[PDB]
Amino acid sequence: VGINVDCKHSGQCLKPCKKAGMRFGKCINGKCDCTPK
């Protein structure tokens, strides 16, 4: 998992990853890696 976005922080990973198809979201190596359903 993990979407094609650019995080300044993990908090902004929620929305785009939720739209992507996952539940939450964390900032990693510039990516928003999340946990799905």
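Numbering starts at 1 and runs along the chain as displayed.
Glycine too: its Cβ is placed from the backbone N, Cα and C atoms.
Pulled from Swiss-Prot, these are the features on record:
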type     : residues    : note
DISULFID : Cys7-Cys27  : disulfide bond
DISULFID : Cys13-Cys32 : disulfide bond
DISULFID : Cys17-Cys34 : disulfide bond
MOD_RES  : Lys37       : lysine amide
Worksheet item: Where among the disulfide-bonded residues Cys13, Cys17, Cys32, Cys34 do you find the Cβ with the fewest other Cβ atoms within 10 Å?
Response: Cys34
Worksheet item: Which ones are near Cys27 (disulfide bond): of the recorded positions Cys13, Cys34, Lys37, which have a Cα within 10 Å?
Response: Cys13, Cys34
Worksheet entry | Distance check against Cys7 (disulfide bond) for the recorded positions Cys13, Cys17, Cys32, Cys34, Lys37, keeping those with Cα within 10 Å | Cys13, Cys32
Discussion item. Between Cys34 (disulfide bond) and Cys13 (disulfide bond), how many Å separate their Cα atoms?
Written reply: 8
Discussion item. Quiz question: given the recorded positions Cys7, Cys27, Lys37, which has the greatest number of C-beta atoms lying within 10 angstroms of its own C-beta?
Written reply: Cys7
Worksheet, complete the sentence: DSSP says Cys13 (disulfide bond), in three-state terms, is helix
Worksheet item: Which state, by DSSP, holds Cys27 (disulfide bond): helix, strand or coil?
Response: strand
Worksheet item: Cα-Cα separation of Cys13 (disulfide bond) and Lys37 (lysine amide), in Å?
Response: 16
Worksheet item: When DSSP states are folded down to helix, strand and coil, where does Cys34 (disulfide bond) land?
Response: coil
